[PDB]
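Asker: only geometry, no sequence info:
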Ligand SMILES: NC(=O)c1ccc[n+]([C@@H]2O[C@H](COP(=O)([O-])OP(=O)(O)OC[C@H]3O[C@@H](n4cnc5c(N)ncnc54)[C@H](O)[C@@H]3O)[C@@H](O)[C@H]2O)c1
Ligand SMILES: NC(=O)c1ccc[n+]([C@@H]2O[C@H](COP(=O)([O-])OP(=O)(O)OC[C@H]3O[C@@H](n4cnc5c(N)ncnc54)[C@H](O)[C@@H]3O)[C@@H](O)[C@H]2O)c1
Ligand SMILES: [Mg+2]
Ligand SMILES: [Mg+2]
Ligand SMILES: [Mg+2]
C-alpha cells in the first residue's frame, strides 16, 4: 500500500512522522512511501535523505493526503486539513480527541479510520508510543528549568550543581513515572540535590536502587509535598494519570522568590493550580514571586531527538498496518486496537464518547 | 576598621561582594560592616539577613564609600562612581585596568589604594579569586549550550542526553582547564557524549582517570581538533585568547550547531566571536549559532556571590585585621593584586599595556 | 532410574553435564548415576571425585548411552554419536536443531525423546538454561574480540580502551539480551565505545539505566545497523529468536564496506549465525577472512572456561534434571510448562514449531504427546 | 641488630608494633626479632604466626627491653615501664611528650634515644605515620556515629541511609583532612546525606570530584558551621598544636534532640567545647539534649586493622633504623630525623621544650 | 639537521617513531626528514603519506643511519643494527640499558650519543615518555592475561568476570604505577577480583579513592606478596625503579605453590623481569611453562596495537624531538633538565648512574658532558 507523511502544519511543530530508516523498511516490504517536500527539514532530514531511502517526494499536502492509504502524522489534523480527511484512509497520529470536539467531529463526519498514538496500550497498561515523548519531556524539563533558574531569565539565580563549597539547586520532581524519572536523572546529572515524590513505593525503590540513594525519595503526601515544595529552587510537575492539581496557588505563595515551576503535565490540564499552556515565544509567566514554565508540546523543541524517539516506537505498528490493513492489524494486536478512534462515522473510544456526550460504538463490533 | 559594601551598579550585575557569613566573621573580630540597603537583593540576600549577621544598613551609596576603610566590590567602579573614590581607602574588586584607561585614570586621580581580585596569584601560578568564576562559567556553559541546542532557539534540535535508542548530543570542549573540566562534567552528567581536546596530556590523563574513560580525551592536533568540531552539535571553547576555531572551519559544521565561547572575556577563542548580551545572547555565523555573553557568572548571582566571596574571605579578613601593607607583606599572593596607591600605578603589565609610568610594588611595601 | 553422562566429544569441549553435588543428590533420591571415565577431567572433576559422590564409572561411551534412561549432555550429539541415540531414552542437552537438518534427522530416526536446554522457557519468556551460557559467551566475546583486534592476530591494531588523548575501539553489539548485555558490559569495562542495537526498546531502556547512558543504544533498523557496522572496529552478533535460526542481519555486501582488520564475533553461530558470511568454526581454528575483516564463529564458546561454565550450567539445569529423574519426561513436562517448552523430539515426531517450519519438516503438537487419558 | 617488641600494657591497648610480614623482612635482612609471648593476640596474631615469620618469643617484658637495641611500641611507656628504659637503646613509638612531663622526664633521665611516630614528617608537611591512624579513626567515626544514633543508645533513632520514601540521616563532617575525608566517605557509603566543612577550597574541590557532587561541600565559617550543625543528626569533629573549639555548648543547645557528636580530635583537646576524653565501656555522655562520643584512641578498637595500617607505615623506617642505626638513618632521612625526641638526656623537640620549659638541644648538634 | 626514522626490526614491531604531522612540523622548521621506505606501514602510514608531509623516502636502513643527525626509533637497537650505530649521531629511542650489557657495550663502543625515552623525567618524578607505553602495556596485560586463562590456551579455564553465582578470576597486580593502575583498571572492568600491591602507600590511596575500595590494595612485603600470588589465577608484574634492572619479587619456588594453569604476565620484562623465571618472549612465541604455570614475557607489548600506540607515543615524544632537531642534544639538554635525565651514552661514557651501578660499569656524571667552556 501507499504510506503518506505530510509536513506538520501546527505552529512550531517541527517533528515528522517518519525517518529514512522507516522509509527504507516500508520500501523494502514493497510499500510505496509518499512524503511532502520539506516534511523532514525541521528534524534535519532533507528531501534527498528521504528519496535515497526510497520515498516519492510530492509538492503538495493534498497529493499526499489524496494518494495515501495510510496517513502518518505527529499531531492531530487542524482546521486547514479537515477537508483532506477521507473514507478508506487510515490516520495514525496523536489525536487527543477528548480535548477537541472539532477534531473528533471532523474525523467522524469524514468517515475516516483513525487510531491514536497515545491510547495504544500494552496489557501491562504501558503506553509505548507516548513513552518516548514522556522521556524527552522529562529530560527537557531539567534543562529548561536549569536555564530559567538564571536571574537573567527571572529565576532565583541559582546554578543547578553549585560549585565546590556552595549549595546546589534544590530540585523537587512530583511523580516517579517515565517523565518524572527522566527529569530527576538529568537534574541529578547536573549536580542538583533532587528529591522525587510518589505514592508508588515500588517506583521510589527503583530510584533508590538505580542512583544508590543519590536521588532522594519521599512518600508523597500533601504534607510532605508542601514541605518539599517550600524548600525547592526548581519544581517539576510530572504526574501522569485529567491531571490532579497538587500545587495550589496558596502553596506557591510560600515558595522562595524566583523559584521555577516546570509543568510537564500541561498536555492534560497541568498539575499546578496556576498552570496555563504557554508557547515558545512567551514560555513563562509569574505566579506570586515564582516563575511558571508550561509550554505545550515540549518535545517539539528538540525535533531531531523526538522524531527518532517517536518513530522508533511507532515503526512496528506502522509496518503491521501497512502489511495487514487496519482491521487485521488490530485483530492481531489488542494494544494497537486500544488506539482505535473512529471508523466510518463510529466513535470507537468509550472515554471520548462519554466526555463528549456522543454515542459510543464498541470496537469489537467494527472488527467484525 | 570599617568595611563597606555598596550595591553593584553595572547593568545586569546582581552579585554582591560579601555574604552574612563574611559579615559575622568581620563582626566577631570587632570590625564594623556597612552595607548599602538592597545590596544583597540580586543575590537573594535580604537586608535583614545582613543585619542579623551584624551589618549596619545605610541608605546611600555615598555614605558607604565615605565611611569605609576597606571597600569590597564585585566589578570595577564605573563613571558615576568615580567621584566616590578616595585616598586612604582600600578598594578590593575585579578591576581589569588594562581594558580601561578611564578607570585606571580615575583610580590614579583619586589617590585610592586598590587591589585587583583577578591578579591575586598564588606561588603555583593559580588565580584563586578568578577560579570560582571559571568553575561557575564552565558549568553554565553546559546548561546554556543545551538550551540553545533547541530548535526553538535556532539550534539544531538535539537533546543533550538523547533517550534510549536515540543519539545523544555530540559535545566538544576545547581546553581542559578549570572551566573546561567543569563544562565537560556538567555536559557529561546531562547525558551528552563529551570529548575534551587539549595538548597537555597530563590533564587529559586526569580526565580519563576521573570519569573512567567516559569523557573522551583527544590530544589536540589540527586533525583531531577539526574532525571533532565538524562532528559536534555543541562546542564549548574554554581555553584561557588564541583563535582555535576559524570561520572556515565553522563553514563545515552541522547546521544549527551551537558554539559557546567561555573565553569571550579575553577576546574569545573562536575566530567569529564578538561579545554579546543577555537580551541578545546569540548570533549567526554560517549555519551555526554563537553564544558569547560576557560575565556569564553574573547570571546566577546567588551561586556566584558565594563562590566569589568564599574565595575572597581569607584576604578580606587579613586586610581588615592588618591593613593593606602588613597584609601584602605577609602574603605575596595578595601583593600580586596591588594596582594603585596614592596616585601611583603598581602593575607593570597594566602600565605597559597602557603606555603609562609605573611604580614598582616593592617601592610601597 | 539410571542417569548417564558421557564425555563431551565436540572440538575442545571441556565442560561436563553434571558435578559431584548433582550426583550425590541424584544418588540420594535412589537413582543410579553412570559416568564415562574421564568425563569431568576438562572441568577438573576427577573420576575419584565422581565416584565418592555415588557414581559408577564406565569405560566406554557406548555403555553409558545403552544403560542410561536419562542421558545428560552439554552439546548436541555429533555424527559419531548418531548410532548411540536410543528409542526410550531421554536426551537433555543443548540441541540447536534449527541449525542442523542432520542432527534433527538422527534424533527423529532414532525414536529418542529429546528436550533442549535452550528452549526451556519460563512464563515471563526467560530461557533459564540458555542464560548462564549466554552470560559466559557474551563475556568471552568481548575479550576474544579485543584479542583479535591486535595487529599480531591479523586485526586492525587498535587497543580496546585507547589511552588518554587517543580514541578507543568502536564496538557495535547487535542484541541487548543476555549475551549482548554481557558483551557490552565487558567491552565497556575494557574502555571501548559501545553501541547496542535491539528491536526491543525496553532492553535498550534497561541498558541506558544500568550504565547511565555510557553504553549507547540504538533502535535496530537495517538503516541504523548498516551505519553502525560500517563505523565499527568490532561487531558482536548476539540476536536470538528462541528455537529459531538466526536472521542474517549483516550482509557480505556490508562487510565489504567495513574498516580493514575489523573483527566480527558471531555469538549466534550456534543457531546458524546472524552474519551472512558466518560458518561454524573451532577453538583449534577459530577465525577466517571475509573481505578485509576477520570472522570468529565458535559455536561452543563457554567450553574454554569450564571451571566457570560447568558450574554455571549445572547450577541452572540440576533442578530440572532432578524432576526428570524422579518422574520421567512426560510427568515432569506435565508438571512444568517451562520444561515442556524444551520438548524437541519423541518417537520420530518433531515437537518444535519454529524448528519444523525453519527446516521444512512436518510438525507435531507437544500437547498431543502430553494429553491426558 | 636486635629488634624487640613488648606487649602493649596501657588499658585497652590491643595493637602491636609489628606484624609477621615485618618480622620476616627484618629476619631476612639478618636482624633478630624478639617479641613478648602474647603480644599480637589482641590483633589476632598468635605467637605461632610470629614464630613462623622468624621471631624469637620470650616469656617476659623485662627480657625484651633488656636485649633489644631497637624497641618498637605503639603507645608511650607508662610509669611501670620507666625502669625498663635504657642508655644505648632506640625507642620508636607514639610519644606525645608535650602531654606528659612524667614520660618526657623518664626518657631524659634514662638517657634513651627516642623517636616519635607522630612527629616523623615529610617535606610536603604530611605526617605519614599518623596518617593511617587518622584513616582508621575517621572510618570508625562513621560506624560508631551510626550505632549511637539508635534510640536504644540514647540517640535520635535515625538510620544512616533511611529507606525508600524516608529521609536519611543528615551528617556534618567538620574538616576535610585525612580523618574527615574518611568519615565523609563511609557515612556517604552508608547512605547518609553528608556535608563537609573546610576552609581549604582545594580539599572541597577534591571531595566534589571524588564523589561527583554527592558529598556536599561548604566553605567553613562559624555562620555556615552553626547552620549545618543545627540541621545535623550526626556531627563528626575532624579538625587536625591544640584543636580549636568550633562547636560551643551554646550551639549544642540549639541542636536536634538526640543528635550525636563524635569528636575525633579528642586526642588533642577535642574540637567541641563540651568534649572530655571517654573510655570504651562509658563511651558517651549527654550535653544538653545531645550525645557526645569522645573515646580516646579509637583505632585501638580495631587492632587487627590498626596494627597493620600502622606497621605498614612504620616498616620502611624500622628497616632503616635496623639496617643503619639511629644516627645514620636520621642523617639520611630528614623525615625520620623530625621524629627525634630524646638522646642521652637531651630534649630534641623545640615544641616540647618550649611547652614544658626544658632546655632545647638542637637535633643537628646530636647528629654530629 | 637530518632527522632519520628507520623501520623497526624487533619481532612483530609495528610502531613507527614519527607520524606525517611530526614530519610536517620538522620540515616547516627547516629540517630534512629521512624515512626508510615502508617504516610506517605497520601503523597504516603509507610512504605516500610521509612523502606528502615532506619526508625523503630512502630505500635502505643503512642510508637512514648513515645520513641522520638525529635518529628516532621506538625500540633499542638489536644485534643486526649494532654496526649502524655512529659517533656524532643522536639516537633517541627506548633503551632499557640495565637489562642489556650487550646493547650498552654497543652504544659505548660506537661513541654515539643516546637518550632513552624511559629515563626522561620531569621534576615531579614522572616519566612522560614511558607513561603512554605503560598505559598501553597495562591495558594489554589484562586482555592477554584473560586470553591465556582459557583452557584452550593451556590456562586454568576461568572466566575473568565469572558469572552470577560463580566466582570470578583472582588477579594480583604488583606495582600501582602507570602500568599497574591500567592493568588493574582493565582487569576490574572485565569483572575480575583485583588486588594491587605497592610499597608506595600513596599509590594505594589513589587506587582506593578511584574505585571506592573495589580494587583491593595491599602494602607490598614479601610475606603479603607470597600469600597473594598463591591465591592468584593471574599475576601481573608491573614494578619499576626508573632506569634500573627490575627486582625479582616472584621466586620459582613461589611459582611452584601456585594454582595449576595460573598465568603470569611480566610487563617489567623490558627492564629484566620481576619474576625469577622470566625471560624475553616474542609475539610469535609469547608463553612458556614455569612449573605448572604459564609465563608471558613480551618486552614490546604495545607493538600489537600500533594504531593506538604509535600516536600515543609520538604525542609525547614529539615536543622533545623538535627541541633536539632545532638545537642539538647539548643545548636542548642544557635548557631542559627532564630531557637531560634521559642522557645515556656519549663518546664512550655511560651517563646513567643506575645503569652503571646495575651493569658494574664506570659512571660519568652527565653535568661533565653538559659543562660550559
Ligand atoms: N556460541 C556460543 O558458545 C553460544 C553460547 C551461549 C549462547 N549463544 C547464543 O547467543 C545468542 C543470544 O542469546 P541470548 O541468551 O542473548 O538471547 P536473548 O533472547 O536474551 O536476546 C536476544 C535479543 O536479540 C534481539 N533481536 C532479535 N532479532 C533482532 C533483530 N532482527 N535486530 C536486532 N535485535 C534483535 C531480541 O530482541 C533479544 O533482545 C543465541 O543464539 C544463543 O544461543 C551462543
Ligand atoms: N613490556 C612492555 O612492552 C612495556 C611497555 C611499557 C612499559 N613497560 C614497563 O612496565 C614497568 C612499569 O612501568 P610504569 O610506568 O608502571 O612505572 P611506574 O614508576 O609508574 O610504577 C612502578 C611502580 O612499581 C612500584 N614498585 C617499585 N618497587 C616495588 C617493589 N619492590 N614492590 C612493589 N612495588 C614496587 C613503585 O612504587 C611504582 O609505583 C616498567 O619496567 C616499564 O618499562 C613495559
Ligand atoms: Mg506481518
Ligand atoms: Mg639501606
Ligand atoms: Mg627552540
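Answerer: Nice, I can see it. Residues are numbered from 1 along each chain as shown, chains lettered A, B, ... in the order given. Ligands and ions are numbered 1, 2, ... in the order given.
Asker: in the stretch 51-200 of chain A, what residue is nearest chain B?
Answerer: Minimum separation of the stretch 51-200 of chain A from chain B (Cβ to the nearest Cβ) falls at residue A:189, amounting to 3.2 Å. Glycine gets a C-beta too; all of them are placed from N, C-alpha and C.
Asker: wait, what's in contact with that residue?
Answerer: The neighbours of residue A:189, taking Cβ atoms under 8 Å, 6 or more residues apart in numbering or on different chains as the test, are B:161, B:186, B:188, B:189, B:190, B:191, C:212.
Asker: which one is the second one nearest to, not counting chain neighbours?
Answerer: Distances taken as Cβ to Cβ, 6 or more residues apart in numbering or on different chains place residue B:142 nearest to residue B:186, at 3.4 Å, with adjacent residues excluded.
Asker: what angle do whichever strand or helix holds residue A:202 and helix C:201-210 make?
Answerer: Assigned by DSSP states H and E, residue A:202 belongs to helix A:201-210. Going by axes from the mean of the first three to the mean of the last three Cα atoms, to 10 degrees, helix A:201-210 is angled at 50 degrees with respect to helix C:201-210.
Asker: helices and strands around helix A:201-210, which ones?
Answerer: Judged by 3 or more Cβ pairs under 8 Å, 6 or more residues apart in numbering or on different chains; DSSP states H and E, helix A:201-210 is in contact with helix A:178-189, strand A:193-198, strand A:216-219.
Asker: How far off centre is it?
Answerer: On the basis of Cα atoms, centre = their mean, to the nearest Å, helix A:201-210 sits 24 Å off its chain's mean C-alpha point.
Asker: That helix: which residues count as buried?
Answerer: A:201, A:203, A:204, A:206, A:207, A:208, A:210 (16 or more other Cβ atoms under 10 Å in any protein chain shown).
Asker: Could you do stretch A:100-108 as well?
Answerer: Result for stretch A:100-108 [16+ other Cβ under 10 Å]: buried residues A:100, A:103, A:104, A:106, A:107, A:108.
Asker: The fourth one against residue A:82, yeah?
Answerer: Yes: between residue A:106 and residue A:82 there is a contact at 4.2 Å, judged by Cβ atoms under 8 Å.
Asker: Now do the strands in the stretch 151-300 of chain A.
Answerer: Shown for the stretch 151-300 of chain A, the strands assigned by DSSP state E, counting those that start in this stretch span residues A:170-174, A:193-198, A:216-219, A:234-237, A:260-263, A:284-287, A:290-293.
Asker: Between those, which one is closest to ligand 1.
Answerer: Closest to ligand 1 of the strands of the stretch 151-300 of chain A, according to Cβ to the nearest ligand atom: strand A:193-198, at 29.0 Å.
Asker: Tell me the one among the contacts of residue A:189 nearest to chain D.
Answerer: Among the contacts of residue A:189, residue B:189 lies closest to chain D (Cβ to the nearest Cβ), at 7.9 Å.
Asker: Ramachandran coordinates for residue A:199?
Answerer: phi -90, psi -10 (degrees, to the nearest 10).
Asker: Please look at it and residue A:217 and confirm they touch.
Answerer: No: with contacts counted by Cβ under 8 Å, residue A:199 stays clear of residue A:217, the gap being 11.4 Å.
Asker: Domain parsing of chain A, as residue ranges.
Answerer: As assigned by curated CATH domains, chain A contains the domains A:1-129+A:303-368, A:130-302.
Asker: Endpoints of the longest one, how far apart?
Answerer: What that stands for is domain A:1-129+A:303-368. Start-to-end span of domain A:1-129+A:303-368 (Cα to Cα, to the nearest Å) is 22 Å.
Asker: now do the shortest one
Answerer: Length of domain A:130-302, first residue to last, Cα to Cα: 16 Å.
Asker: Show the contacting residues for the residue of the stretch 151-300 of chain A found nearest ligand 2.
Answerer: Across the stretch 151-300 of chain A, no residue is closer to ligand 2 than residue A:164, which sits at 29.0 Å (Cβ to the nearest ligand atom). For residue A:164, the contact set (Cβ under 8 Å, 6+ apart) comprises B:135, D:201, D:204, D:205, D:207, D:208, D:217.
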